[PDB]
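Residues per chain are reported as follows:
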Amino acid sequence: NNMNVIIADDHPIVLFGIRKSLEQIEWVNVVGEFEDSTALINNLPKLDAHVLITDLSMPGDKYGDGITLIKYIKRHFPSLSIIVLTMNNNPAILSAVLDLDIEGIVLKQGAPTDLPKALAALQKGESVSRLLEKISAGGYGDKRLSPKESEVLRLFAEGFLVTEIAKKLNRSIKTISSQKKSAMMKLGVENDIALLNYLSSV
Amino acid sequence: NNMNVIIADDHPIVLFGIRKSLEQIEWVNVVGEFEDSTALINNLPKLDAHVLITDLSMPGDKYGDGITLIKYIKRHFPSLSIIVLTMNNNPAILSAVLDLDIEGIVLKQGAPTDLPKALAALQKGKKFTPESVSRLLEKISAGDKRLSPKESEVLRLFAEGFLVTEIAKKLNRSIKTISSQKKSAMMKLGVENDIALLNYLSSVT
DNA sequence: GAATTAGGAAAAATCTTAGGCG
DNA sequence: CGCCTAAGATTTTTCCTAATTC
Ligand code: BEF
Ligand code: BEF
Ligand SMILES: [Mg+2]
Ligand SMILES: [Mg+2]
C-alpha cells in the first residue's frame, strides 16, 4: 500500500541523507520537507500524509519542539503516524520518549537503514522494542524520567536557561525548577556539571 | 584537478548524505568514511587524500573531539586541507577552530549548498564562510580575546563541578568577585549561558 | 587598560509548601 | 501515590558601578 511521508529535521545535511535513502523504495512518496515546528504545523493540512519521520530537538518559533510538539500533533492530528529520529543517545531522556506512544523511533548514530526497517515494521502492524529491551536490560532503570522531566532536561542541556524553558512551555521558574530539581534527584546529581556529565555519559 | 576526499561523522545517516552529496560532483572522489577519532587516525596515513570533511562532535577513545582533535590533525598530518562539518554553534568553540587555519567551516544546520560552495571555494584556493557562520563570528569580533590568570583559575573549578559560592568559600573572596571574573571570562570567549561555556572548556582539554 | 577586589540594587533560581489527578 | 502546577519565602547569582594598585 502506497504510504506518503513528510520529513522534519533542523539539519538539511540530514534531510538530504534521508530523502536519498527512501527513494530506493518505489511505493514510498516523500511529499514535503521542513526544518521547524512552525512551518510544519502550518503546511500539515495542505499536504496528505499517512506517516512522518520527525525530529525530537528542533526550532519552534511558536508551536514548540519535542514531547510538547509530539502530543500537539497527536491531539490535533491523530490522522498521522509519527517516527522520532533523534541524535539523543541518553537513556534518562529517551526514557519517557518511548512511553509517548509513537509509530517508530530511529537513532541518527544507528545504521543508515534503521529507518526503512521501521517503515516496514509499521506497514505490517520497529526499533522501539530493540531500544526498550536494551534500555530496560541496560541497568539504568532507576534513572527513568517523566514526559515533562525529559522535555525539561533536554532544553537545559540544549543551552537554554530555566526561565526561557518556562517562556517556551507556558509555566513559571517555580514550576520548571521542581521538574529539573526532581529530575536531578532521580539521576542522583547535586550540581549542573555532574548533571550534564550524566546527560552525555550514555 | 580531481581531488581525493575523506568523510568523518558518528551519525551514519549524516555520513550517507555527505557521501551521496559528493557523487553530484564529477571531479570529486570519496576514499574513506569513519565513525570516530581512533579510526580516522588509523587510516589517515593509509589513504592518499588531499581534503577531509570532519565533525567536531565525534566519539573516540585515544584522541579527543573538536578542537583537541583538529589540533592533532593540523600538526601530525599537516599537508591535508580541512573542512569542519558540525551541528555545533557555540561561538567560543568555532573561534579557536577557525584559529587553527582551515579552508572553511560548514554548519550542518546551514544551507545544503554550503558544502558545494565550500569545495568550489577550496577548488580555487579560497574559504567559504556562510552568513550563518559570519553571524556567530561577529560575537567575539567586538590580550583582548585572551583570558586572565584568576579568570582561567575560576573556570577550572566551575568545570571541576564546584558551584560559584563553593569557589568564593574555597579562595577567601565574595560571590560578587567570582561572578565578575566568571562572567568577565564568558564575555571574552563569546558564550552567554553556562552550557556553551563548559562545552568550550571540554573542547580545549 | 586591566586586574583583582567588591557593594548595593536586581534577576534568576531553588526551596518549602500545597492544591487536584490517574 | 507520583504527577504537573504553582506562589509565597530564600538562596544564588548576576548586573551595575567603582574602589584598589601595576
Ligand atoms: F535534533 Be535531534 F536531537 F537529532
Ligand atoms: F550531525 Be553532524 F554533527 F553534522
Ligand atoms: Mg536535529
Ligand atoms: Mg556528531
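Chain B has the name Transcriptional regulatory protein RcsB in the PDB entry, where Salmonella enterica subsp. enterica serovar Typhimurium is given as its organism. Under its PDB header, the title given for this structure is "Structure of RcsB from Salmonella enterica serovar Typhimurium bound to promoter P1flhDC in the presence of phosphomimetic BeF3-". Quoted straight from UniProt, the Subunit entry for chain B says "Interacts with RcsD and RcsA." Under the UniProt heading Sequence similarities, the entry covering chain B gives this text: "Belongs to the RcsB family."

The name the PDB entry assigns to chain A is Transcriptional regulatory protein RcsB, from the organism Salmonella enterica subsp. enterica serovar Typhimurium. The Function comment attached to chain A in UniProt states, word for word, "Component of the Rcs signaling system, which controls transcription of numerous genes. RcsB is the response regulator that binds to regulatory DNA regions. Can function both in an RcsA-dependent or RcsA-independent manner." Database annotation for chain A, UniProt heading Subunit: "Interacts with RcsD and RcsA."

(A) Inspection of the overall build of chain A at higher detail. A count of helical and extended segments in chain A gives ten helices and five strands. C-alpha extents for chain A along the principal axes are approximately 55 × 35 × 30 Å.

(B) The arrangement of the packing of helix α1 (residues 12–22) of chain A against helix α1 (residues 12–21) of chain B in detail. One way to put it is that α1(A) packs onto α1(B) with a least axis distance of 7 Å and a crossing angle of 80°. One finds that α1(A) runs roughly perpendicular with respect to α1(B). Two secondary-structure elements touch here, α1(A) through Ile13(A), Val14(A), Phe16(A), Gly17(A), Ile18(A) and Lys20(A) and α1(B) through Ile13(B), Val14(B), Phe16(B), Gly17(B) and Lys20(B). The residue inventory of the contact of α1(A) with α1(B), partitioned by class, reads seven nonpolar, two polar and two charged.

(C) Region of the structure containing the sheet that holds strand β3 (residues 51–55) of chain A. Residues and elements named next belong to chain A. Taken in spatial order, the five strands line up as β2-β1-β3-β4-β5 in an open sheet, and their pairing is parallel. Unpaired on one side and paired on the other, β2 (29–34) and β5 (104–107) mark the two borders of the sheet. Direction aside, neighbouring strands of the sheet carry axes that sit 20° apart on average.

(D) Representation of the domain arrangement of chain B within the structure. All names here are of chain B. Domain annotation of chain B identifies domain 1 (3–141) and domain 2 (149–203). Inter-centroid distance (C-alpha atoms) of domain 1 to domain 2 is 30 Å. Each side of the interface is counted separately: domain 1 has eight residues, and domain 2 has nine residues. Here the element with the most residues in the side of domain 1 that touches domain 2 is helix α4 (residues 91–98); it accounts for three residues. Among the residues forming the side of domain 1 that touches domain 2, the class breakdown is five nonpolar, two polar and one charged.

(E) A look at the interface of chain B and chain A. The interface is formed by 20 residues belonging to chain B together with 24 residues belonging to chain A. Contributing elements (two or more residues each) for the side of chain B that touches chain A: α1, α7 (149–160) and α10 (194–203) of chain B. Top contributing element to the side of chain B that touches chain A by residue count: α1(B), with six residues. Within the side of chain B that touches chain A, the residues separate by chemical class into eleven nonpolar, six polar and three charged.

(F) Inspection of the sheet that holds strand β4 (residues 81–86) of chain B at higher detail. Residues and elements named next belong to chain B. Within the open sheet, the five strands sit side by side as β2-β1-β3-β4-β5. Their pairing is parallel. Edge positions in the sheet fall to β2 (29–34) and β5 (104–107), since each of these pairs with one other strand and no more. Adjacent strand axes in the sheet meet at a mean angle of 20° when their direction is disregarded. The pairing of β4 with β5 spans four bridges and is classified as parallel. When the bridges of β5 are listed, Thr 86 appears paired with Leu 107.

(G) Spotlight on the pattern of salt bridges. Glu149(A) is paired through a salt bridge with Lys186(A); the nearest N and O atoms lie 2.8 Å apart. Of this pair, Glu149(A) sits in helix α7 (residues 149–158) while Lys186(A) sits in helix α9 (residues 173–187); the two residues are 37 residues apart in sequence, bridging distant segments of the chain.

(H) Focus on the side chain of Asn193(B). Relative to the elements of secondary structure, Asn193(B) occurs in the loop between α9 (175–189) and α10. Reaching out from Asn193(B), the side chain makes a polar contact with the backbone oxygen of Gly159(A) at a distance of 2.7 Å. Not counting the four nearest positions on each side in its chain, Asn193(B) is found in contact with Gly159(A) and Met186(B).

Definitions and cut-offs
Residues numbered from 1 in each chain as written, not as in the entry; some residues may be left out. Chains lettered and ligands numbered in written order. Heavy atoms only, no water. Residues with missing side-chain atoms left out of burial classes, pairs and counts. UniProt positions renumbered as here; feature names shortened; annotations may be inferred. Helix = DSSP H or I, 4+ residues; strand = E, 2+ residues; numbered from the N terminus. Axes fitted to C-alpha atoms, helices over the stretch in contact; angles between N-to-C directions. Parallel < 35°, antiparallel > 145°, perpendicular 65-115°, else oblique. Contact = heavy atoms within 4.5 Å. Nonpolar A, V, L, I, M, F, W, Y, C, P; charged D, E, K, R; others polar. Pairing = 2+ DSSP bridges. Domains from an automatic or database assignment. Salt bridge = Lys/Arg side-chain N within 4 Å of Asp/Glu carboxyl O. Polar contact = N/O pair within 3.5 Å; in protein donor to acceptor, adjacent residues only side chain to side chain.

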